[PDB]
Structures are given as C-alpha cells and as structure tokens.
Amino acid sequence: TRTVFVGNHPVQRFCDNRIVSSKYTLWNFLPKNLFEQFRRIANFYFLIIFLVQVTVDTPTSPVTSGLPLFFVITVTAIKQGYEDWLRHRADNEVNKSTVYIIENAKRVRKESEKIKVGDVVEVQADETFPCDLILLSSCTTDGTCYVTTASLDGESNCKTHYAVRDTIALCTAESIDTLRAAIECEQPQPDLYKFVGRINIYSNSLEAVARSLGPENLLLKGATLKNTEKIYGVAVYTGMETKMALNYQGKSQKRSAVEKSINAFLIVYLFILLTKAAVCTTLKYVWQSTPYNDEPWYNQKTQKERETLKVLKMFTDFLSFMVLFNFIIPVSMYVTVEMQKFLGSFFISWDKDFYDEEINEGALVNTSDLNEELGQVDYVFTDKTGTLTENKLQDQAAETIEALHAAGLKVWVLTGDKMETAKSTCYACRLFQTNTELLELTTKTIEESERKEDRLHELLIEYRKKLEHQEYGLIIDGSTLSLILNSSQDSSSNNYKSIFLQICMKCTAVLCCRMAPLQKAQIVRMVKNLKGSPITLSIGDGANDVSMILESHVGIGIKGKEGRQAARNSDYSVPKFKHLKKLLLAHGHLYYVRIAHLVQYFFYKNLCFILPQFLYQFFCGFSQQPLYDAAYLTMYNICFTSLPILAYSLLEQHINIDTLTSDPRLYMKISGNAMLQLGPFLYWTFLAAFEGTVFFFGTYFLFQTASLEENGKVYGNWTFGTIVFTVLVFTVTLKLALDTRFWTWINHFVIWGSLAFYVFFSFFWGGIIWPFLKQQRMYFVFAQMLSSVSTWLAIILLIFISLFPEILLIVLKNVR
Amino acid sequence: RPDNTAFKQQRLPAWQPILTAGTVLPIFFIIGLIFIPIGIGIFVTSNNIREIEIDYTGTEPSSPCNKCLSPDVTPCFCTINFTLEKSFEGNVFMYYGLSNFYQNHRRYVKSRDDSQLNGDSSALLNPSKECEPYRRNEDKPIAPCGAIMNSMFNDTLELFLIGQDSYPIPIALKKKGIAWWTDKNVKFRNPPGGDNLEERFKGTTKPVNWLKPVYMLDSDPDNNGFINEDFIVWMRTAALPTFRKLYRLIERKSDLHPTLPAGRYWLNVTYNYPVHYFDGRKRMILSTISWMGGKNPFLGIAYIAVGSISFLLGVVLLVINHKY
Ligand SMILES: *[C@@H]1O[C@H](CO)[C@@H](O)[C@H](O)[C@H]1NC(C)=O
Ligand SMILES: *[C@@H]1O[C@H](CO)[C@@H](O)[C@H](O)[C@H]1NC(C)=O
Ligand code: ALF
Ligand SMILES: [Mg+2]
C-alpha cells in the first residue's frame, strides 16, 4: 500500500529505523517496576502493613516490616533491571553500528538508527544488513550476492540474492542523477518469504515494469552478507516493521501450577491471619472486662488512651494484631522463587546433552517461569514431519515415546500430513504398539455423518465400556474431527462432543491427520478444559506449530530445518526430539521438586515463627507484646533462614539425575502436582503447629524453676523469646538438613553457615550496638542464656522433640 | 561444547545419605541410652534440692498477714513462722514471688528509658515518652521514669532462727551479687559526674510511688542509684505473670554446719506492697541451687519420657525388621 521514492525525484505514514526489545526505560524504570511488583498479593499486603505501622501505634517498629520489604523489592529490581539492561546492550550494538549512506551523491557513514526509509545503503563484506533492503543493484556483474540467513530462519546455506535485473547497469555511479523509482510495496507481513514488489523506475520517458521482487531481492534485516565486495540497496522496511522485527510475539503464557498454588496458600494463610487476630481481639476484651485487668495500678493508662473511643480502640487493637502476626505470610518468597528460576534455568541450557554437533547449538530458555511445568506434563502434542521424522524417524523418536508412555503421559501426534504417510509410519514411530487395538475415525471408513454419531456410540456404549495403554489408540483426521467440534450444538441429549471427550481422556495414543494449523490450537484448547486441567505440552518445528506452541501450558520448539518460527515463539527450545526425555524426566522432575519443596518450606518456617507469638498472648494480657526482639523479626526471613532453602532449590537432586532418565517407569508418575496437594499441605501445617506448640510450651515449663543457672539469677521475657528463637532457628534449619538427599559442598556452607551466623550475630548484637538505639533490651541476653547448663539441655531436647515426627516418617518411609 | 564443568552439569560431588535399617534403627537406641541416663541424673538432681515457699499475702482471715491485707496504717509487720524439716546444705537463695502480676504486658514492658538508666546526662533531665504516665510530675522529670521503676517491690523480708531457748537467731542475708554482672556494671550506670549522688540527680524527682529517691536507696556508694541491685532485679521483666526475683542470698558457712539448720523459723515481713487489688499473691521462697538451677522436674521427666519412648519405638521398630 506504501510507495518508496529512492532518489527524491517525485512522480508520515511509516516509522523510523530503531528496534527496541527492552521493557523499561531509564526515565520510567522505577514507576513501572514498583507498580508491577506491588500488584502481587504478598507485596501489596506487606505495603498495607508498612503504612499501618507508620500511622497507627503498633507493637513492632516499622523497621521490622520496611527493611525486609525494601530489601526484597530492591533485589527483585536489580535483577529485573540488569536482566533488562541487557536488551539495551543487546540492541545497542545492533542499532548503533556504522553504515554508509549516500544522501545526495555524498557517501557518509551514519549510524544504523539515523537511517530513514528510502535511501541508498552500502554494505561491504561481512556486515549485517542495517534494514530490510531492496537490492536495486550490485557492483559486480550480474548483480548477485551470497547472504546466508544464519539468524533469521536458522538455515546455513548461502542463499542467492539477485540484483534488480533492469538496473544492474547502475554500478556505484552517482545514484542521484534522475534515479526516480516508484517502489509501490505492500504493508509488512511476517512471512519472511512472501513479498510482492513493484518497481516503476522512471527513465527519460517511461519504465514501470511490475517486477514482483521478493525473496530474491528483499535483503532482510540482521542477515550478514558474505563474499561480496559491496552492495547497494534501499530500505523499504526499517525495523519494528521489517520481517525480522515482526516475529517477536511476546505474551504471557507463564503461569505455572506451582505459581497458582502459591496463591492458594496465601489465601489460606490470610484466613489464618484474620483468625489469629480476631480470636486474640475477642479474647482481649473478654479478658479486659475485669476492671483490674486493664490499668491494674502498676501499668496505668495515660489520659489520652483512657479517653479514646472504645469502638475505635477495638479497631486499633485489631490492626495491632494483624501487624504483630504479620510475619505469617513470607516476605522473601517472591524474591527467592524468582531468583531461583533465573539462576536455575541455566542448567537447562548449559547441559551438554542438549547439544547438537550438526546444528552446533544448545538448548534455549525463552521464559524462565515454566521451569516447574516440565515436571507436571500430562499430555504431549507433537508434530510428525520435522520432529518425529527428519528432512523414517529421527535418531531416537521411537524410544522416547516409550519413555513418554512409561512415564504415564499421553502422546498425541497432530500432523499436517496425510494419514497413510503418517499412520503407516507411526507403526514405526512406536507410539502404536503391535497388540494395540486401533479404533479409526478416518474419512476412508466414515463416509457418512450419522454413522459417525453411531460410530462414536457403538465403539463407546457397546464397545468402549462393555469390555488401557497398550490397548487402544485413536486415529482421527482433520475432516471428521471438524464436525465433532465445529457444529456440535444441535442435539443436547447426547452430543458429538461430550462423547468424544470420553475416549480422548483414556486413549494414550492419538494421531490426528490432515490438521489445518487452526485445529492444532483447537485440540489443545479442548483438552486443556476437560476434568480439571491436564497440563499439556506441545512440541513442533514448523511455522504451523506456533498456534499450539502458544496455546499449551508449555511449548517446546524444535530448532529444525524449516525455520526458527516455532523455536522462537516457544518457551524452551531443544535441537532434537530425543531431548524431550532429559527435559521432562530429568529436568522437569528436578525443577518441580525443588520449587514445590521451597514453597511448602516457606509457609512452614513462618508458622513455626508466629505460633509461639500467638500463644504468648494468653500469658501476656492479650496485649500484643512481641515475643521476640526487633532485630529478630526482621532478620529471620532475610538473614537467618534465607540461603539454606535457596541453595537447596538450585542444587538438590532427590533422585540421582542419572537414575531419573534411566528410570521413567514411575518416577515421573509420582508427582501429578502431588507435592502441593491438600495431602502434603496439612502435613507441613500440622507439623508447624506441633513444632510451634513445642517451642513455646517447652520454654513455658522450663521457666517455672526460679533459676536456670548455678548462681541463682532469674531471666526476663527477652531471655524467654530468645530460647524460643534459638530452638526455632535450629529446628527449621535442621529440618532442611534432614530433607536434603544431595549434600554438595554448598549445602554444607549455607546450612552450617546459617546456624553459625545466628550465633555470631546474637553474640555481636549483644555488644556495642548501643548508641543509635532506645532499647538495649537484648544486651547480654544470648551470652547469659548460654551460661546455664540447663538451657543447653532444654534447647537440645526441644529440638529433638520437634524433629521427632519427621524422623518417624524417614524410618516408616525406609521400611516396607 | 557447553562448559563441561562439574557445577554447570549438575554433577557436583555430593554425599547422598543412603538410609538403611542398619543405619536408621540404631538411632532409636543411641538416644534411648543417652536421654534416659540424662533424664535420671537430672530427676535425681532436681529431687535433692531442698526448697520451701511461704505465701504471705493474707487473704485468709486466719493468716497473720491479714491485718495489713486491708488499707490500714502503712508500716504493717506480719510474722509467719514456718519450719524446715531437713536442713539446707549449700548456699541458699531467698526469692520473692508474685502472681497475677503481668510484668510482660506491652504497655508495661516499654515503660523504661534505657538511655536514662545507662547514665545519659542528656536523657536524665528529659526522659522518653514511652514511660509516659510516669514521665513527669509537678513540672519536673521523674528520675527513674516509667511504670517498671515506679511499681518496685518494696516490702522487707527477714528470717529468724529460733534457737534451743526461746530467742531468735538473726540469719544474715546478703544484698550484693543478685543482678546479672553485665547489667549492673555495664547496662545500669549512675549519672556521669559527681562525688556524692544527691547532686547528680538535681533537677529530677523520685518516682510517684517511691518513698525515697534513687540516691537514697542505700548507704555504700556501690548500691545507691540506678545501680541498686534490688532495683536492677526488679527492672528485668518477668516473661510470665507468675514469676520470682532474687531477693537475697545466704552464704554458706566455712564450718561444717548447714546454712539453714532445721527448726522453727520466723519470716517477719514489713508488708508494704499492695497486691490485694489485682488478685495477686506474694510468696517468699528459700531454695538450694544445683548445677541445673532450681527445683524443676520438667527437664528430668521430659528427658525420660523421650528417652523411654525412643527405646520403646526402637523395639517395635526392631520387632518388624528383624522378624520380617
Ligand atoms: C511501696 O510501693 C507500693 C507500690 O508502688 C506503694 O503502694 C506503697 O505505698 C509503697 N510503700 C512504701 C514506699 O513504704
Ligand atoms: C521479727 O518478728 C518478731 C515477731 O514478734 C518480732 O521480733 C518482729 O516483728 C520482727 N523483728 C523485729 C523487727 O524486731
Ligand atoms: F509435521 Al507438520 F506442520 F504437520 F511440521
Ligand atoms: Mg514439522
């Protein structure tokens, strides 16, 4: 629809030559990051607390919730900042590289951004094309340059590119002398091959031959020229409109099942917080009813507080209980879950088993948010030509489908090919075993619509349920399947569809032949909806497999021979199909277990933290008095118990990674989001409720002694909360040291180093930390708590009483 | 080609504890043989600890301390005679307990000015606003501001041993050495400069309830104000509503005699502290101290119940594997 004028000799609408791949700009980084972080639940909930603390008068200082929050928002920025300062530096080199330009018979070298639409560009040997050019002429005879598309479509052949036949005569000679050319080009389309050109270069009299220039003359952006002294083009697309910049297509598939359970636990742990605060308020005013239970003459209210409206105190007392118990929601979870995904998705691209000596390329991570979705896959949607058969099967495209059937998945082969060329080769693909009864709904047997409604019925109501992995494999086509989804809204008594969803759930092998690219996204969408959420994967290599690669729960694009269209819209990309084994079975199983045990432990180690502070309210006058110091309510989540679970989630193989690919037999089947169901959830909740009652009521019975030392000196409430904190830090740390079945030299450094820091800190925070404080409330509280033989014995015991129900499982899990 | 290092390939050298019955069952026996011999040496140590308490709050019309239970003429003297069946052997520690006294109430715990008691010459004449209802009076700042320092335990306990004749032997009690050494020598200091103390505490008034200012709490310059041990011991809060604080300590005699020989004693209290109102009790507690502290059976009983359940479970757990 547009028209280009090269020589400025006539007979806006289009943009400039600048590509942006970043998300933030230095002007608007802070307002655009801080908004998208404080839009999450546990980030907004901790800001509502921090505001409530600075206005209302609350038990705890605002530092206890503004230092861990500012430290967690800052680290989650520095990450997303540098992770985006790349896109600058990644494209800064691409649109700041020098290119020569002939403005008007003047050959100047500008920068790649200063390039405007419709001007002469000269590219000598071995320089990427600054913009989507149209090769008006080349300098050598016959005007042919050899440019390989090493980056655009992954091919590595020296594709030929001819100059405009009519104007190969133009050889570098003063291109302003009445070089009027009317290039009526069409608007951009990302086809990367289809392009209709139209040259109307006016001669002295007339010349308008419609040379439909295309893939032979369109020199694409970012493709390096090879073995040509220099070329002469003109830009008809200048970035964000060129074919190279029309294939980004970034969108939000990233929503794992372990990231929508984190939200189900926050919704639970927030009702535990509204109950701990509503119980302790109802009890605060039942207790306060006795006139000597408020202002009992030793602590007497002040005139201001003794005259506040009772209806308002009942509200401020409620906020002071939400603020006191506000730690029951983990602050440092969001930064740890996403610092683990970033640093963790490197093992999927560093892996030497995802390396092809032919392509000479590895794996690829386009999104680091579905890592745990590789170990939850329930269905697999493949593509016959290209993934299972190269351009006969591929290297190991038959033994992988065994490993995908042993692991309990269901492989569906959505091919855009015929049936006999697909099925009769699927007899070799080895998804269809020899003694597999095949139930075929192909057109060559269903040449009648209503028979199919009987076919659906007779092979189901009298066949499929009146008599199965190695047993049945369904075979469909593109046509008979269309009627089952397109027009299935006529009879609601027994639909075509609701009956088709009964065999698609139990049939482990399915082969849909002659499927248009728009049905591959239907079948994934139909399967994604039935009976909960079968987590579907889709792996393909062509450009017709971009609908289902964008549709499914995770999309694995194969770096094939057709192009990088499926490999760049996908989430992870592997240069083979046989790499599906090591990806799901060894990497997906390890990625899920590492984060499903970091999620459970993050909610556990916080309920053990607050339950001894909720119980203390019964032995305080329900007066919201923090059991622990201030320097312990902040540091606990960010300092004392932060690294041991992070190092765990990065280096921890609860089944040796070599016995995981060797054995799929059950290993993948063990976790269908098992580690986060209701079963294991209220094993960690009722283990943290047991360990919280033990920490308090072992220090409660210990303090009936009148002295715990040999010189007969008594302890306070800071040597009471320190004994509960010492037992609490050592339990939740030695609870992880009981769960690691893979002790690296780092799991020794962060676990035994987090226990020795809490001991070094507590002996240091009890020295010269005076001048800037108004408390000195924990001066020698640690160093005296340890000078008593009876307190070492309690701590050693209460740690073991608390870790007993966990040792009791280990034994009952070894045995039988 | 990717860097074939140990770390990047997820094949770091690790340990991977293989848990076998030959390695997980003995656990239930290497504790049951360790927790029970400790739970018996503690239970035996917490039994040989001779202690005796006396509740002298009144509240019983037959108690000798019922005459000053009532708001009456203030210097009441009530005497309660107890009796030790077995003599007290080592050095003995006299406490005082209080019940229904929430020294851990939030409005109470925060009601001190630690920079004042630490000897800030700036904070001495302008105490904090946390210690609020007791921060000032008559346009003058309270010397030890606060509710913690206002309500200080102020009745005097004395012991008298009745000898072979009818006359009482006065048992000598010691005041020094009852506060943590740290928060008597470091955390609690006097105001900065001055030969006598009454001048340092110049522009300040005694707390509302005290009868004598801080600089009149004693005679020797080592116990006078902000240093007084009975004051330092009262400040360190309770952690529970029912607590007790060290009052005096009785030094063992260099002879071969017991510290507190058996007989009939006298505890003649100068009852001052009114706890009749908030329904609290007041006790005196004499006790002997061992390496583990005072008399508390929880440690012995808990070590046994855990050392005797791990040995039972190891037996049921050894019944299964060894027979199967
Ligand atoms: C002792 O202190 C109590 C509580 O502060 C007070 O009621 C009483 O009058 C005092 N008696 C004295 C100072 O003799
Ligand atoms: C000790 O108690 C007895 C009881 O009569 C009596 O001597 C007096 O109350 C106390 N001692 C003093 C102060 O003399
Ligand atoms: F094998 Al296809 F589209 F059916 F790549
Ligand atoms: Mg293909």
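Positions of Cβ are generated from backbone atoms using ideal geometry, with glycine treated the same way; all protein chains shown enter the neighbour counts. Each reported figure results from applying straightforward, stated rules to the coordinates on display, with no laboratory input.
Among the listed residues B:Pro13, B:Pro61, which satisfies the condition of being farther than 30 Å from B:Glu158 by Cβ and either out of contact with any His (no Cβ under 6 Å at 6 or more places or on another chain) or surrounded by 12 or more Cβ atoms within 10 Å (Cβ to Cβ) (or both)?
Values: B:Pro61 fails: farther than 30 Å from B:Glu158 by Cβ.
Unique residue meeting the criteria: B:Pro13.
Just for helices (runs of 4 or more DSSP H) wholly inside the range A:556-668: which have at least 2 residues that are among the acidic types (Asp, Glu) and within 16 Å of ligand 2 (Cβ to nearest atom)? Step through it out loud before you land on a result.
Working: elements: A:566-569, A:589-619, A:630-633, A:643-650, A:658-661.
By residue number, no helices (runs of 4 or more DSSP H) qualify.
Checking the structure you have, find out if any residue of the range A:145-153 is among the hydrophobic types (A, V, I, L, M, F, W, C), out of contact with any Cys (no Cβ under 6 Å at 6 or more places or on another chain) and surrounded by fewer than 17 Cβ atoms within 10 Å (Cβ to Cβ). Give the derivation first.
Of the range A:145-153, the ones among the hydrophobic types (A, V, I, L, M, F, W, C) are A:145, A:147, A:150, A:152.
Right, trim to out of contact with any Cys (no Cβ under 6 Å at 6 or more places or on another chain) and you get A:145, A:147, A:150, A:152.
From what is left, the residues that are surrounded by fewer than 17 Cβ atoms within 10 Å (Cβ to Cβ) are A:150.
Within the range A:145-153, one or more residues are among the hydrophobic types (A, V, I, L, M, F, W, C), out of contact with any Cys (no Cβ under 6 Å at 6 or more places or on another chain) and surrounded by fewer than 17 Cβ atoms within 10 Å (Cβ to Cβ).
Could you please find all residues in the range A:680-716 being touching a helix residue (DSSP H, G or I) at 6+ places or on another chain (Cβ under 6 Å) and of a type in the set (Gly, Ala, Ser)?
Correct list: A:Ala688, A:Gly692, A:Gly698.
Taking the condition loosely packed, with under 15 Cβ neighbours inside 10 Å and of a type in the set (A, V, I, L, M), does A:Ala398 pass? Break it down into steps so the answer makes sense when it comes.
Details: loosely packed, with under 15 Cβ neighbours inside 10 Å: no; of a type in the set (A, V, I, L, M): yes.
Considered against the rule, which asks whether it is loosely packed, with under 15 Cβ neighbours inside 10 Å and of a type in the set (A, V, I, L, M), A:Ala398 comes out as no.
Go through the range A:694-749 and count every residue that is in a helix (DSSP H, G or I), crowded, with 23+ Cβ neighbours inside 10 Å and polar (S, T, N, Q).
Counting residues in the range A:694-749 that are in a helix (DSSP H, G or I), crowded, with 23+ Cβ neighbours inside 10 Å and polar (S, T, N, Q) gives 5.
Look at the range A:553-572 and say how many of its residues are away from ligand 3 (no atom under 15 Å from the Cβ) and out of contact with any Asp or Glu (no Cβ under 7 Å at 6 or more places or on another chain). Walk me through how you get there before you give the answer.
Within the range A:553-572, the subset away from ligand 3 (no atom under 15 Å from the Cβ) is A:553-554, A:568, A:571-572.
Checking which are out of contact with any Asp or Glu (no Cβ under 7 Å at 6 or more places or on another chain) leaves us with A:568, A:571-572.
Adding up the residues that qualify gives 3.
What about A:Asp294, is it over 30 Å from A:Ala647 (Cα atoms) and touching a helix residue (DSSP H, G or I) at 6+ places or on another chain (Cβ under 9 Å)? Before the answer, list the steps.
Details: over 30 Å from A:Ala647 (Cα atoms): yes; touching a helix residue (DSSP H, G or I) at 6+ places or on another chain (Cβ under 9 Å): yes.
Here the answer is yes, as A:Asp294 does meet what is asked.
Mind checking which helices (runs of 4 or more DSSP H) fall wholly inside the range A:421-517 and carry at least 2 residues that are within 35 Å of the chain's Cα centre (by Cα) and surrounded by 15 or more Cβ atoms within 10 Å (Cβ to Cβ)? Even if it seems obvious, please write down each step before you answer.
On the way: elements: A:449-458, A:478-485, A:496-503.
The qualifying helices (runs of 4 or more DSSP H) are A:478-485, A:496-503.
Which residue out of A:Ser552, A:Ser533, A:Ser573 is more than 14 Å from every other protein chain (Cβ to nearest Cβ) and within 15 Å of ligand 4 (Cβ to nearest atom)? Working first, answer last.
On the way: A:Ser552 fails: within 15 Å of ligand 4 (Cβ to nearest atom); A:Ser533 fails: within 15 Å of ligand 4 (Cβ to nearest atom).
Within the list A:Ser552, A:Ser533, A:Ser573, the selection yields A:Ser573.
Within the range B:222-254, restricting attention to residues that are aromatic (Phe, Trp, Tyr) and more than 30 Å from A:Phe697 (Cβ to Cβ), which residue is surrounded by the most Cβ atoms within 10 Å (Cβ to Cβ)?
At the first step, the residues of the range B:222-254 found to be aromatic (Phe, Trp, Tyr) are B:226, B:231, B:234, B:243, B:247.
Applying the additional criterion that residues be more than 30 Å from A:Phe697 (Cβ to Cβ) yields B:226, B:231.
Numbers: B:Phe226: 26, B:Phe231: 23.
Ranking the qualifying residues of the range B:222-254, first place goes to B:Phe226.
Looking only at the range B:91-112, which residues are touching a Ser or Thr at 6+ places or on another chain (Cβ under 7 Å) and more than 10 Å from chain A (Cβ to nearest Cβ)?
Selection gives B:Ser99 alone.
Could you identify the single residue in A:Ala674, A:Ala706 that is within 14 Å of chain B (Cβ to nearest Cβ) and either under 25 Å from the mean Cα position of the chain (by Cα) or under 30 Å from B:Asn91 (Cα atoms) (or both)?
On the way: A:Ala674 fails: within 14 Å of chain B (Cβ to nearest Cβ).
Just a single option satisfies the conditions, and that option is A:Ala706.
Identify the single condition in (1) within 10 Å of chain B (Cβ to nearest Cβ); (2) out of contact with any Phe, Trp or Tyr (no Cβ under 6 Å at 6 or more places or on another chain); (3) not aliphatic (A, V, I, L, M) that A:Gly721 does not satisfy, given that it satisfies every other one.
Unmet for A:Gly721, out of (1) within 10 Å of chain B (Cβ to nearest Cβ); (2) out of contact with any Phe, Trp or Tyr (no Cβ under 6 Å at 6 or more places or on another chain); (3) not aliphatic (A, V, I, L, M): (2).
Do you know which of the residues in the range A:527-555 that are assigned to a helix (DSSP H, G or I), under 23 Å from A:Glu259 (Cα atoms) and more than 18 Å from the chain's Cα centre (by Cα) is farthest from ligand 2 (Cβ to nearest atom)? Quick ask: steps written out before the conclusion?
Taking the range A:527-555 and keeping what is assigned to a helix (DSSP H, G or I), we get A:527, A:544-551.
Pick out the ones that are also under 23 Å from A:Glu259 (Cα atoms) and you get A:527, A:548-551.
Pick out the ones that are also more than 18 Å from the chain's Cα centre (by Cα) and you get A:527, A:548.
On the way: A:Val527: 92, A:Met548: 97 Å.
This residue is A:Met548.
Of the residues in the range B:261-285, how many are away from ligand 2 (no atom under 16 Å from the Cβ) and either surrounded by fewer than 21 Cβ atoms within 10 Å (Cβ to Cβ) or within 16 Å of the chain's Cα centre (by Cα) (or both)?
Start the filter on the range B:261-285 by keeping residues that are away from ligand 2 (no atom under 16 Å from the Cβ), which leaves B:261-262, B:273-283, B:285.
Next, from what is left, pick out any that are either surrounded by fewer than 21 Cβ atoms within 10 Å (Cβ to Cβ) or within 16 Å of the chain's Cα centre (by Cα) (or both): B:261-262, B:273-274, B:276-279, B:281-283, B:285.
The total comes to 12.
For the range B:101-201, which fully contained helices (runs of 4 or more DSSP H) count at least 1 residues that are in contact with a helix residue (DSSP H, G or I) (Cβ under 6 Å, 6 or more places away or on another chain)? Lay out the reasoning, then the answer.
On the way: elements: B:106-109, B:114-117, B:147-150, B:182-185, B:197-200.
Ranges flagged: B:106-109, B:147-150, B:182-185, B:197-200.
Would you check which residues across the range A:793-816 are more than 9 Å from every other protein chain (Cβ to nearest Cβ) and under 36 Å from the mean Cα position of the chain (by Cα) and list them?
Selection gives A:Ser802, A:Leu803, A:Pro805, A:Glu806, A:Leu809.
Are there any pairs, at least 6 apart or on different chains, whose C-beta atoms fall under 6 Å, with the first in the range A:796-816 and surrounded by 14 or more Cβ atoms within 10 Å (Cβ to Cβ) and the second acidic (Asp, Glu), and if so, which?
Pairs that qualify, where the first residue is surrounded by 14 or more Cβ atoms within 10 Å (Cβ to Cβ) and the partner is acidic (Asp, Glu), are A:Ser802/A:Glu691.
Which of the residues that make up the range A:365-390 are outside any loop (DSSP other than H, G, I, E, B), buried (at least 21 other Cβ atoms within 10 Å of the Cβ) and away from ligand 4 (no atom under 16 Å from the Cβ)?
A:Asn371, A:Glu372, A:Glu373, A:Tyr379
Kindly provide the set of residues from the range A:335-360 that are surrounded by fewer than 17 Cβ atoms within 10 Å (Cβ to Cβ) and either in contact with a helix residue (DSSP H, G or I) (Cβ under 6 Å, 6 or more places away or on another chain) or within 12 Å of another protein chain (Cβ to nearest Cβ) (or both), ordered by number.
The answer is A:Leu343, A:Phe346, A:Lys352, A:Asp356, A:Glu357, A:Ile359, A:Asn360.
Please specify each residue of the range B:4-21 satisfying the condition of being more than 7 Å from every other protein chain (Cβ to nearest Cβ) and either at positive phi or in contact with a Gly (Cβ under 8 Å, 6 or more places away or on another chain) (or both).
Selection gives nothing.
Considering each of A:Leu170, A:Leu152, A:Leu135 in turn, give the residue that is closer than 17 Å to A:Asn200 by Cβ and part of a loop (DSSP other than H, G, I, E, B).
Details: A:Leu152 fails: closer than 17 Å to A:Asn200 by Cβ; A:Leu135 fails: part of a loop (DSSP other than H, G, I, E, B).
Going through A:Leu170, A:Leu152, A:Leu135 in turn, the sole match is A:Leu170.
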